[PDB]
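Structural description and commentary
Each chain, letter by letter, is given below.
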Protein chains: 2
Amino acid sequence: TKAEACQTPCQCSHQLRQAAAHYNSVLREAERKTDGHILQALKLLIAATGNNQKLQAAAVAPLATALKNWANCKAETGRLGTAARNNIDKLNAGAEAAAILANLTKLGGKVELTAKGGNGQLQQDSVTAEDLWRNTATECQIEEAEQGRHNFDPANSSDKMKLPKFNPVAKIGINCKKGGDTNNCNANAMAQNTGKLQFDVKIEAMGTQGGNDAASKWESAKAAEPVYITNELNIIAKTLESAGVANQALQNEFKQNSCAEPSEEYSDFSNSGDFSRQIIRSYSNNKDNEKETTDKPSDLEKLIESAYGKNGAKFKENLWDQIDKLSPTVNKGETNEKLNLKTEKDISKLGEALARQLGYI
Amino acid sequence: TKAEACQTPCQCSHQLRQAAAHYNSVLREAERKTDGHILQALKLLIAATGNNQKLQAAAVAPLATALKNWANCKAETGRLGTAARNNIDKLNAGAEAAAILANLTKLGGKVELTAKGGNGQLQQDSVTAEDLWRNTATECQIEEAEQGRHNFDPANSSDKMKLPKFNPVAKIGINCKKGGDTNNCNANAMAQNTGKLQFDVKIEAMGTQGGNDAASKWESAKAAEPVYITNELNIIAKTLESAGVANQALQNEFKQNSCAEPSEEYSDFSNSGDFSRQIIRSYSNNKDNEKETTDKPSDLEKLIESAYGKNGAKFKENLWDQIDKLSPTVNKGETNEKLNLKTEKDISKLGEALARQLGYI
Ligand SMILES: *[C@@H]1O[C@H](CO)[C@@H](O[C@@H]2O[C@H](CO)[C@@H](O[C@@H]3O[C@H](CO)[C@@H](O)[C@H](O[C@H]4O[C@H](CO)[C@@H](O)[C@H](O)[C@@H]4O[C@H]4O[C@H](CO)[C@@H](O)[C@H](O)[C@@H]4O[C@H]4O[C@H](CO)[C@@H](O)[C@H](O)[C@@H]4O)[C@@H]3O)[C@H](O)[C@H]2NC(C)=O)[C@H](O)[C@H]1NC(C)=O
Ligand SMILES: *[C@@H]1O[C@H](CO)[C@@H](O[C@@H]2O[C@H](CO)[C@@H](O[C@@H]3O[C@H](CO[C@H]4O[C@H](CO)[C@@H](O)[C@H](O)[C@@H]4O)[C@@H](O)[C@H](O[C@H]4O[C@H](CO)[C@@H](O)[C@H](O)[C@@H]4O[C@H]4O[C@H](CO)[C@@H](O)[C@H](O)[C@@H]4O)[C@@H]3O)[C@H](O)[C@H]2NC(C)=O)[C@H](O)[C@H]1NC(C)=O
Ligand SMILES: *[C@@H]1O[C@H](CO)[C@@H](O[C@@H]2O[C@H](CO)[C@@H](O[C@@H]3O[C@H](CO[C@H]4O[C@H](CO)[C@@H](O)[C@H](O)[C@@H]4O)[C@@H](O)[C@H](O[C@H]4O[C@H](CO)[C@@H](O)[C@H](O)[C@@H]4O)[C@@H]3O)[C@H](O)[C@H]2NC(C)=O)[C@H](O)[C@H]1NC(C)=O
Ligand SMILES: *[C@@H]1O[C@H](CO)[C@@H](O[C@@H]2O[C@H](CO)[C@@H](O[C@@H]3O[C@H](CO[C@H]4O[C@H](CO)[C@@H](O)[C@H](O)[C@@H]4O)[C@@H](O)[C@H](O[C@H]4O[C@H](CO)[C@@H](O)[C@H](O)[C@@H]4O)[C@@H]3O)[C@H](O)[C@H]2NC(C)=O)[C@H](O)[C@H]1NC(C)=O
């Protein structure tokens, strides 16, 4: 839907979490496709080493494709998995650090002192407010959620997935009120029972260090205004910088991958040069063929017709349907168990049946 | 080697990071061992489908063990990876949050106001200290490093890998000094030029909410001591609680795994019942054998002597040394390329050579 550059700590937290979740989903995806290919290759290997000579030859070209696809997926999972294990940690820490920053900017309250016993005096009942940073744990409410500034875009469209230059500061306020009128305490002490002195601290996600501004607020008797001090915290920013760099590394690695989706459709095998090269090797008069196609395309189509029907129309009937009829065995204590290759998914059992078949000859 | 229960935010931050790294390194080792077994199995498959009749039979039992080892390592990698995908992010978040808590507890400084122009008056030169929470980014210094409270023990010996209870509080200090003597401001205002009012905030990792204690410090004229307010922040603690649960779930899954190290030593194959069962299947007169040993142990030993020398003493010479001499080919553009099975490590090339071999018969 809408994915826009994050502005607030809460927005950047969700965005960095979404990024990490995206990369993990792509990785899970490549691993599932890898498993699908090796599952196919094992079944084809049982077919390619069986005693059905017609099925034996028909299994070899699809086996070459399944093995290439498997290996490629495996290499791609390794590449993506390597990027993930070197960078996703920095994303997890970034989301947490941004979330804690959001906590800090929402803290409020103050401390207030009222004069007691005399002008400018402080006694046992002088603390009239003390809720500074009393907080209840809540989840950060996303700001402008309709604008989707919390949503992540894996393509980095318009280069928008950038982090703000955070620089957390403590903004300290001091407000002296002489009481009675609205004036400060420049010319009068805090009046007994009415004079007030208020302290607060707010954390801001971005700011600049700066000394107190009492020169413009307490230099004369006038309406009371808080004097502000801004001190650089130098927390959280560096974790968010590292996270930005890491998300950029991950984005580039994960923006593309060549792992192919496992399939039994003939049209997906004909797409493969390994398939066609092996068909010529297995069925033509040149067992040493290295070409992906024949000089006359009709020659290849003839080899395909005899093996899988014209234009591969009998691909399922001649290959997968015959593989389903096989009954290789695995050990089962003192006896054996016949595998049903149409539904068997345990590579341990398939590997065992293949070994037992090769030892049966 | 020395690992103890963590006590400070900095210690617990390092312990949680060590945990995450340990689990990732164990998962990486499982993936390495899986890759070693499938590499071995592919080479044994080339031997088991080659034209050397003696090598063909000698490869099958080791192939059965290799495929079982690979499938078991794949299952354990899946078990460990599922646990890691569900929990390591919480460890990463815990380490960062504890590190940020370490930052917060190190923040010091204060705001100081000095009376100017008269007793209890505040003018443009009244802010005489303003360094509250000025901080430069530094790495947290591990406290009591010789105790090893920052080190993680993956065995959880004596149940020590427990996180402390965290409950961060803001402890606010307010100190009034009348000036002249050491007394507070109960009976006198801040004296001109000498009376001071000091305000500070410290974050503590553990604490309890408590209202101001002016009733015991500002109730009479006496030596000045700061009045304290303690307010509960309800930040960070929940992340650490969730990280502790996550670490316990990961510990249980990662404390053991059955993925075997790939090996070419006969002594590692003789440990496998699959290996011995397949030997009897391939070399005895019972092609349908399902027992892992013969009734007379000497019978199995005679089968081993025939294939791999007495007690496997010729295992390398009859198996691996023979695989090193095979020269199966892969496609190399318009021609071919012979693989050296002793050094080849690309599963794409080995799979292709296997498929070409099977299509060559
Ligand atoms: C405030 O919060 C911020 C975060 O918001 C904190 O910044 C973070 O600080 C982390 C350390 O406190 C830092 O992580 C460290 O980064 C360095 C450099 O990348 C890295 O070397 C560290 O890795 C060690 O520690 C982890 C566990 O924490 C181990 O898994 C790892 O193997 C390393 O262990 C080695 O060093 C440790 C000491 O740091 C030893 O305890 C440990 O035994 C081991 O020692 C051997 O190797 C040493 C190095 O070769 C060697 O000297 C020694 O003799 C041994 O042979 C670790 O990952 C974060 O990167 C950082 N975050 C950012 C974004 O900056 C900050 O600390 C907080 N500050 C305050 C004041 O509270
Ligand atoms: C102060 O700082 C604290 C941390 O120190 C922070 O607390 C954390 O809040 C965030 C949200 O702000 C929490 O993350 C969310 O958690 C909920 C609940 O998940 C829990 O349980 C599930 C299982 O059901 C676990 O998997 C999970 O680990 C938690 O234990 C999740 O439902 C949220 O999911 C969204 O996460 C990503 C976006 O960030 C997406 O990848 C994911 O698909 C989810 O998105 C969905 O919901 C979004 C809105 O929530 C929506 O925009 C999407 O479109 C989509 O529908 C999320 O993971 C985190 O657990 C809290 N940590 C702790 C320890 O409590 C406070 O928020 C902050 N407080 C302030 C500033 O007030
Ligand atoms: C989508 O595409 C955009 C466009 O490329 C990407 O935006 C870039 O994102 C990266 C990482 O977030 C940014 O890199 C960071 O830049 C910071 C600013 O650098 C400027 O200013 C410094 C001085 O302040 C100069 O020295 C420097 O030359 C620049 O002029 C740096 O401060 C960062 O480095 C610091 O932190 C890292 C992290 O620990 C340290 O390793 C460094 O040593 C250093 O301390 C960092 O390099 C980059 O600036 C962004 N480009 C633009 C144009 O803004 C998005 O990241 C991308 N999104 C995704 C998801 O891919
Ligand atoms: C090494 O072995 C030790 C001993 O088994 C393990 O210690 C356990 O660690 C777990 C996980 O950290 C602890 O579980 C957590 O306990 C918190 C407090 O529990 C105690 O105090 C409460 C008082 O409120 C008592 O009722 C209770 O009996 C305990 O004595 C809970 O607050 C946690 O639950 C909360 O947070 C989680 C996280 O989000 C939520 O899911 C929950 O709903 C809840 O809000 C949590 O249950 C456990 O207490 C420890 N056991 C003991 C006996 O100390 C180590 O974890 C282990 N180390 C490793 C690395 O494996």
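Residues numbered from 1 in each chain as written, not as in the entry; some residues may be left out. Chains lettered and ligands numbered in written order. Heavy atoms only, no water. Residues with missing side-chain atoms left out of burial classes, pairs and counts.

By the method listed in its record, X-ray crystallography, this PDB entry was determined to a resolution of 1.74 Å.

Here we come to the environment of A:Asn336. With respect to the helices, strands and loops of the structure, A:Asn336 is situated in strand β7 (residues 335-338). A relative accessible area of 34% places A:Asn336 in the partly exposed class. Separated by 41 residues in sequence, A:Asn336 and A:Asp295 have C-alpha atoms that sit 50 Å apart. Apart from residues no more than four positions distant in its own chain, A:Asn336 is found in contact with A:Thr329, A:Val330, A:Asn331, A:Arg356 and B:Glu290. (Helix = DSSP H or I, 4+ residues; strand = E, 2+ residues; numbered from the N terminus. Buried < 20%, exposed > 50% of the residue type's maximum accessible area, 1.4 Å probe, protein only. Contact = heavy atoms within 4.5 Å.)

To continue, consider the packing of aromatic side chains. For any pair of aromatic rings, the description consists of the separation of the ring centres together with the inter-plane angle of the planes. Residue and element names in this part refer to chain B. Summed over all chains, the structure comprises 24 aromatic pairs over all chains. Between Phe269 and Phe315 the ring centres are 5.3 Å apart and the planes differ by 55°, which places this aromatic pair in the tilted class. Linking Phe269 in helix α4 (residues 266-269) with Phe315 in helix α7 (residues 315-323), this pair joins segments that are 46 residues apart in sequence. In this pair, the class of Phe269 matches that of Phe315, namely buried. With a centroid separation of 6.4 Å and an interplanar angle of 90°, the aromatic rings of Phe275 and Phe315 are classed as edge-to-face. (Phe/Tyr/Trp six-rings, centres within 6.5 Å; stacked < 30°, edge-to-face > 60°.)

Right, let's talk about the site of ligand 2 for a bit. Near ligand 2 lie 16 residues; those nearest to it are A:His14, A:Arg17, A:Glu96, A:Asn103 and A:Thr138. Residues near ligand 2 are shared among chains A and B, making this a multi-chain site. Between ligand 2 and A:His14 there is a distance of 3.0 Å, counted from an oxygen atom to a side-chain nitrogen or oxygen. The side chain of A:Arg17 places a nitrogen or oxygen atom 2.9 Å from an oxygen atom of ligand 2. Calculation on ligand 2 without its partners gives an accessible area of 1200 Å², and the protein chains cover 54% of this total. Sorting the residues of the shell around ligand 2 by element identifies α1 (9-48) and α2 (53-106) of chain A together with α3 (237-254) of chain B as the ones contributing at least two each. Top contributing element to the shell around ligand 2 by residue count: α2(A), with five residues. Within the shell around ligand 2, the residues separate by chemical class into five nonpolar, six polar and five charged. (Near = heavy atom within 4 Å. Polar contact = N/O pair within 3.5 Å; in protein donor to acceptor, adjacent residues only side chain to side chain. Areas by Shrake-Rupley, 256 points an atom, 1.4 Å probe, with all protein chains shown as cover. Nonpolar A, V, L, I, M, F, W, Y, C, P; charged D, E, K, R; others polar.)

A separate point is the relation of the copies chain A and chain B. Expressed as a screw transformation, the operator carrying chain A onto chain B has a rotation angle of 180° and an axial translation of 0.0 Å, and the superposed copies differ by an RMSD of 0.2 Å. Taken together, the rotation and translation describe the operation of a two-fold axis. Both copies share a contact surface, since 98% of the interface residues of chain A are interface residues in chain B too. (Least-squares fit on C-alpha atoms.)

Residue and element names in this part refer to chain B. Around ligand 4, the surrounding shell consists of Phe152, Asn156, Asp159, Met161, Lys162, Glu241, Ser242, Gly244, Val245, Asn247, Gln248 and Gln251. Within the side chain of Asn156, an N or O atom sits 2.4 Å from an oxygen atom of ligand 4. One nitrogen or oxygen atom from the main chain of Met161 is found 2.8 Å from a nitrogen atom belonging to ligand 4. Considering ligand 4 on its own, with 1100 Å² of exposed area, one finds that the protein chains cover 41% of that surface. Partitioning the shell around ligand 4 into residue classes produces three nonpolar, six polar and three charged.

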